2 protein chains.
Amino acid sequence: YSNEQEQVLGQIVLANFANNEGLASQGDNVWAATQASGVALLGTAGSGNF
Amino acid sequence: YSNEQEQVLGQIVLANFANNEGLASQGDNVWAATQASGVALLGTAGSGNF
């Protein structure tokens with residue numbers, strides 16, 4: 001900002017699957033979860049597996 | 001003045017920053033204090049760090 005400060009406006013989540021190789025492609029450059037893919041398992045980009 | 005007298009009319013202040021090379025240039029022969037430069041620290045031209 002113009003008072004020489006900084007403010008967060010949110011952060012970006014990522015997601016990791018228990019298995020790749022099984023996501024269904026959905027037109028544009030996007031995939032969708034399927035059976036034999038795994039549920040979402042969201043997280044942040046700092047630590048963990050991301 | 002006309003009657004062989006002297007009169008003060010002001011005094012020029014100087015500024016001295018905690019760090020140079022953070023000052024962003026602003027067009028003319030002119031800088032602008034911002035983050036990674038510091039607060040102004042006004043002073044006089046007599047002595048001190050000036």
# chains A, B, ... in the order shown; residues from 1 in each chain; ligands from 1
>>> residues_around(residues="residue 20 (chain B)", least_positions_apart="3", cutoff="10 Å", atoms="only C-alpha atoms", output="count of residues only")
8
>>> select_by_dssp(residues="chain A", states="strand (DSSP E or B)", output="PyMOL selection string")
chain A and resi 13-15+24-25+31-32+42-44
>>> write_last_selection(atoms="N, CA and C atoms", output="CSV table (one decimal), in the first residue's frame")
chain,number,residue,atom,x,y,z
A,13,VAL,N,-4.3,-22.6,-1.9
A,13,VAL,CA,-4.2,-24.0,-1.5
A,13,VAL,C,-3.8,-24.9,-2.7
A,14,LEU,N,-3.2,-26.0,-2.4
A,14,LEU,CA,-2.9,-27.0,-3.4
A,14,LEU,C,-3.6,-28.3,-3.0
A,15,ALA,N,-3.6,-29.3,-3.8
A,15,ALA,CA,-4.2,-30.6,-3.5
A,15,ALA,C,-3.3,-31.7,-3.9
A,24,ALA,N,-9.5,-38.1,-14.8
A,24,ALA,CA,-10.1,-38.0,-16.1
A,24,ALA,C,-9.9,-36.6,-16.6
A,25,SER,N,-9.5,-36.5,-17.9
A,25,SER,CA,-9.3,-35.2,-18.4
A,25,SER,C,-10.6,-34.6,-18.9
A,31,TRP,N,-8.2,-31.7,-14.9
A,31,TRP,CA,-8.5,-33.1,-14.6
A,31,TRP,C,-9.6,-33.1,-13.5
A,32,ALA,N,-10.3,-34.2,-13.4
A,32,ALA,CA,-11.3,-34.5,-12.4
A,32,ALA,C,-11.0,-35.8,-11.7
A,42,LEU,N,-6.4,-31.6,0.5
A,42,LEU,CA,-6.0,-30.2,0.3
A,42,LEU,C,-4.9,-29.9,1.3
A,43,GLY,N,-4.1,-28.9,1.0
A,43,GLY,CA,-3.0,-28.4,1.9
A,43,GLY,C,-2.4,-27.1,1.4
A,44,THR,N,-1.4,-26.7,2.1
A,44,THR,CA,-0.7,-25.5,1.8
A,44,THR,C,0.7,-25.8,1.2
>>> interface_residues(of="chain A", to="chain B", cutoff="9 Å", atoms="only C-alpha atoms", output="list in words")
residues 3, 4 and 5 of chain A
>>> write_last_selection(atoms="N, CA, C and O atoms", output="short mmCIF file (atom, residue, chain, number, x, y, z; two decimals), in the first residue's frame")
data_model
loop_
_atom_site.label_atom_id
_atom_site.label_comp_id
_atom_site.auth_asym_id
_atom_site.auth_seq_id
_atom_site.Cartn_x
_atom_site.Cartn_y
_atom_site.Cartn_z
N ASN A 3 0.97 3.63 2.37
CA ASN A 3 1.49 4.01 3.68
C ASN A 3 2.73 3.23 4.04
O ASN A 3 3.08 3.16 5.23
N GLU A 4 3.38 2.62 3.05
CA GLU A 4 4.57 1.77 3.19
C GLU A 4 4.32 0.60 4.13
O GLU A 4 5.07 0.36 5.07
N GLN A 5 3.24 -0.13 3.88
CA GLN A 5 2.97 -1.37 4.59
C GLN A 5 2.53 -2.43 3.60
O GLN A 5 2.34 -2.18 2.41
#
>>> calpha_fit_rmsd(fixed="chain B", moving="chain A")
0.4 Å
>>> atom_distance(atom1="CA of residue 49 (chain A)", atom2="CA of residue 22 (chain A)")
19.4 Å
>>> atom_distance(atom1="CA of residue 18 (chain A)", atom2="CA of residue 30 (chain A)")
17.8 Å
>>> decode(residues="region 6-44 of chain A", atoms="N, CA and C atoms", output="CSV table (one decimal), in the first residue's frame")
chain,number,residue,atom,x,y,z
A,6,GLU,N,2.3,-3.6,4.1
A,6,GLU,CA,2.0,-4.8,3.4
A,6,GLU,C,0.9,-5.6,4.1
A,7,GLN,N,0.0,-6.1,3.3
A,7,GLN,CA,-1.1,-6.9,3.9
A,7,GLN,C,-1.4,-8.1,3.0
A,8,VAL,N,-1.6,-9.3,3.7
A,8,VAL,CA,-2.0,-10.5,3.1
A,8,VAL,C,-3.5,-10.3,2.6
A,9,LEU,N,-3.8,-11.0,1.5
A,9,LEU,CA,-5.1,-11.0,0.9
A,9,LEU,C,-5.6,-12.5,0.7
A,10,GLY,N,-5.0,-13.4,1.4
A,10,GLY,CA,-5.4,-14.8,1.2
A,10,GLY,C,-4.1,-15.6,0.8
A,11,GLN,N,-4.3,-16.9,0.7
A,11,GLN,CA,-3.3,-17.8,0.2
A,11,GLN,C,-3.9,-18.9,-0.6
A,12,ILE,N,-3.0,-19.5,-1.5
A,12,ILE,CA,-3.4,-20.5,-2.5
A,12,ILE,C,-3.2,-21.9,-1.9
A,13,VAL,N,-4.3,-22.6,-1.9
A,13,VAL,CA,-4.2,-24.0,-1.5
A,13,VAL,C,-3.8,-24.9,-2.7
A,14,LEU,N,-3.2,-26.0,-2.4
A,14,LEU,CA,-2.9,-27.0,-3.4
A,14,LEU,C,-3.6,-28.3,-3.0
A,15,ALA,N,-3.6,-29.3,-3.8
A,15,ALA,CA,-4.2,-30.6,-3.5
A,15,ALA,C,-3.3,-31.7,-3.9
A,16,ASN,N,-3.2,-32.8,-3.2
A,16,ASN,CA,-2.4,-34.0,-3.6
A,16,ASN,C,-3.2,-35.2,-3.5
A,17,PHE,N,-3.1,-36.1,-4.5
A,17,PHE,CA,-3.9,-37.3,-4.6
A,17,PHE,C,-3.1,-38.5,-4.1
A,18,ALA,N,-3.8,-39.5,-3.5
A,18,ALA,CA,-3.1,-40.7,-3.1
A,18,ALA,C,-2.6,-41.5,-4.3
A,19,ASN,N,-3.2,-41.3,-5.4
A,19,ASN,CA,-2.8,-41.9,-6.7
A,19,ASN,C,-3.1,-41.0,-7.8
A,20,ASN,N,-2.0,-40.8,-8.6
A,20,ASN,CA,-2.2,-40.1,-10.0
A,20,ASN,C,-2.6,-41.2,-11.0
A,21,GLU,N,-2.4,-40.9,-12.3
A,21,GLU,CA,-2.5,-41.9,-13.4
A,21,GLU,C,-4.0,-42.3,-13.6
A,22,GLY,N,-5.0,-41.8,-12.9
A,22,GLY,CA,-6.3,-42.2,-13.0
A,22,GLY,C,-7.3,-41.1,-13.1
A,23,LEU,N,-6.8,-39.8,-13.1
A,23,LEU,CA,-7.7,-38.7,-13.2
A,23,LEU,C,-8.2,-38.6,-14.7
A,24,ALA,N,-9.5,-38.1,-14.8
A,24,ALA,CA,-10.1,-38.0,-16.1
A,24,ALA,C,-9.9,-36.6,-16.6
A,25,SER,N,-9.5,-36.5,-17.9
A,25,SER,CA,-9.3,-35.2,-18.4
A,25,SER,C,-10.6,-34.6,-18.9
A,26,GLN,N,-10.8,-33.3,-18.7
A,26,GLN,CA,-12.2,-32.7,-18.8
A,26,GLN,C,-12.2,-31.6,-19.8
A,27,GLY,N,-11.7,-31.8,-21.0
A,27,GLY,CA,-11.8,-30.7,-22.0
A,27,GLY,C,-10.6,-29.9,-22.0
A,28,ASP,N,-10.6,-28.8,-21.3
A,28,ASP,CA,-9.4,-27.9,-21.2
A,28,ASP,C,-8.3,-28.6,-20.4
A,29,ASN,N,-7.3,-27.8,-20.1
A,29,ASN,CA,-6.2,-28.4,-19.3
A,29,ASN,C,-6.6,-28.5,-17.8
A,30,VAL,N,-7.5,-29.5,-17.6
A,30,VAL,CA,-8.1,-29.7,-16.2
A,30,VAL,C,-8.4,-31.2,-16.1
A,31,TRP,N,-8.2,-31.7,-14.9
A,31,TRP,CA,-8.5,-33.1,-14.6
A,31,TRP,C,-9.6,-33.1,-13.5
A,32,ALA,N,-10.3,-34.2,-13.4
A,32,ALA,CA,-11.3,-34.5,-12.4
A,32,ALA,C,-11.0,-35.8,-11.7
A,33,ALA,N,-11.4,-35.8,-10.5
A,33,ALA,CA,-11.2,-37.0,-9.7
A,33,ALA,C,-12.3,-38.1,-10.0
A,34,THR,N,-11.9,-39.4,-9.9
A,34,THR,CA,-12.6,-40.5,-10.4
A,34,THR,C,-12.5,-41.6,-9.3
A,35,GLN,N,-13.2,-42.7,-9.4
A,35,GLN,CA,-12.8,-43.9,-8.7
A,35,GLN,C,-11.4,-44.3,-9.1
A,36,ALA,N,-10.7,-44.9,-8.2
A,36,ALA,CA,-9.2,-45.2,-8.4
A,36,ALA,C,-8.4,-43.9,-8.6
A,37,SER,N,-8.8,-42.8,-8.0
A,37,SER,CA,-8.0,-41.6,-7.9
A,37,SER,C,-7.7,-41.2,-6.5
A,38,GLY,N,-8.7,-41.1,-5.6
A,38,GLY,CA,-8.5,-40.7,-4.3
A,38,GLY,C,-9.2,-39.4,-4.0
A,39,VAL,N,-9.6,-39.2,-2.8
A,39,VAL,CA,-10.3,-37.9,-2.3
A,39,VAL,C,-9.2,-36.8,-2.2
A,40,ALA,N,-9.7,-35.6,-2.0
A,40,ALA,CA,-8.9,-34.4,-2.4
A,40,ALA,C,-7.6,-34.3,-1.7
A,41,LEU,N,-7.6,-34.2,-0.4
A,41,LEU,CA,-6.4,-34.0,0.5
A,41,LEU,C,-5.7,-32.7,0.1
A,42,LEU,N,-6.4,-31.6,0.5
A,42,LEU,CA,-6.0,-30.2,0.3
A,42,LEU,C,-4.9,-29.9,1.3
A,43,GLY,N,-4.1,-28.9,1.0
A,43,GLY,CA,-3.0,-28.4,1.9
A,43,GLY,C,-2.4,-27.1,1.4
A,44,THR,N,-1.4,-26.7,2.1
A,44,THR,CA,-0.7,-25.5,1.8
A,44,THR,C,0.7,-25.8,1.2
